[PDB]
Amino acid sequence: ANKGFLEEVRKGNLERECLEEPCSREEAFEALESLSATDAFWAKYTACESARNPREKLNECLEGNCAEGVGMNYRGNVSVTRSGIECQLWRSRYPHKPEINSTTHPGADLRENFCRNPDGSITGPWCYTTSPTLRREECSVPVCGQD
Ligand SMILES: *[C@@H]1O[C@H](CO)[C@@H](O[C@@H]2O[C@H](CO)[C@@H](O)[C@H](O)[C@H]2NC(C)=O)[C@H](O)[C@H]1NC(C)=O
Ligand SMILES: *[C@@H]1O[C@H](CO)[C@@H](O)[C@H](O)[C@H]1NC(C)=O
Ligand SMILES: [Ca+2]
Ligand SMILES: [Ca+2]
Ligand SMILES: [Ca+2]
Ligand SMILES: [Ca+2]
Ligand SMILES: [Ca+2]
Ligand SMILES: [Ca+2]
Ligand SMILES: [Ca+2]
């Protein structure tokens, strides 16, 4: 956050500016070393916008081993759909040619074939499936703070 005085004279610091305080994308950018690090952090930050307090809750949301809300923050390793179909690699163009990818959604961490929710689908983290007849399907990932 910018407490309009001389704070913007200091080197950016993610802990001070974006974790202990809410921040704008540009503040995150100023605190990071690349656009790549900035797109990833921003996607995580906005996906956890409402899991801001306490800090332990925010850190769990940002780590992403569980889904918060619709799971846009999810960064775990589940790679199978809820019906048990093995996920297709995001980078593969077979058996489905992805219309969502690294370029369209930078920051979403579309890696290997891990379930992700880059588009905010209301049914949660999903993946393109290796079944030729089922383009995509959601996955089963723990909800943050569940049981
Ligand atoms: C989740 O998946 C990631 C990515 O494959 C695993 O981390 C990688 O593990 C390999 C082998 O241990 C390393 O060569 C890579 O450097 C790791 N990638 C990184 C650092 O992102 C990770 O171990 C997996 N964790 C779980 C929950 O199984
Ligand atoms: C993502 O999809 C676009 C649109 O089809 C395509 O032009 C581009 O090459 C793809 N990029 C990646 C990251 O594969
Ligand atoms: Ca500040
Ligand atoms: Ca600031
Ligand atoms: Ca700054
Ligand atoms: Ca701190
Ligand atoms: Ca402060
Ligand atoms: Ca600034
Ligand atoms: Ca700037």
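Chain A is numbered as in Swiss-Prot; the shown residues are, in order, 44-190.
Cβ from N, Cα, C; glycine included.
These come from Swiss-Prot:
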{"type": "MOD_RES", "residues": "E50", "note": "4-carboxyglutamate"}
{"type": "MOD_RES", "residues": "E51", "note": "4-carboxyglutamate"}
{"type": "MOD_RES", "residues": "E58", "note": "4-carboxyglutamate"}
{"type": "MOD_RES", "residues": "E60", "note": "4-carboxyglutamate"}
{"type": "DISULFID", "residues": "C61-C66", "note": "disulfide bond"}
{"type": "MOD_RES", "residues": "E63", "note": "4-carboxyglutamate"}
{"type": "MOD_RES", "residues": "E64", "note": "4-carboxyglutamate"}
{"type": "MOD_RES", "residues": "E69", "note": "4-carboxyglutamate"}
{"type": "MOD_RES", "residues": "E70", "note": "4-carboxyglutamate"}
{"type": "MOD_RES", "residues": "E73", "note": "4-carboxyglutamate"}
{"type": "MOD_RES", "residues": "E76", "note": "4-carboxyglutamate"}
{"type": "DISULFID", "residues": "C91-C104", "note": "disulfide bond"}
{"type": "DOMAIN", "residues": "109-187", "note": "domain 'Kringle 1'"}
{"type": "DISULFID", "residues": "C109-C187", "note": "disulfide bond"}
{"type": "CARBOHYD", "residues": "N120", "note": "N-linked glycosylation site"}
{"type": "DISULFID", "residues": "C130-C170", "note": "disulfide bond"}
{"type": "CARBOHYD", "residues": "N144", "note": "N-linked glycosylation site"}
{"type": "DISULFID", "residues": "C158-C182", "note": "disulfide bond"}
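Compared over the glycosylation sites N120, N144, the count of CB atoms lying within 10 A of a residue's CB peaks at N144. Around the Cβ of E51 (4-carboxyglutamate), the number of neighbouring Cβ atoms within 10 Å comes to 12.
Checking the recorded positions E58, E63, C66, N120, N144, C187 against ligand 6 with a 6 Å cutoff on the Cβ atom leaves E58, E63, in sequence order. The distance from the Cα of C130 (disulfide bond) to the Cα of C158 (disulfide bond) comes to 8 Å. Within 10 Å of the Cα of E64 (4-carboxyglutamate), the following recorded positions from the list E58, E73, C104, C182 place their own Cα: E58.
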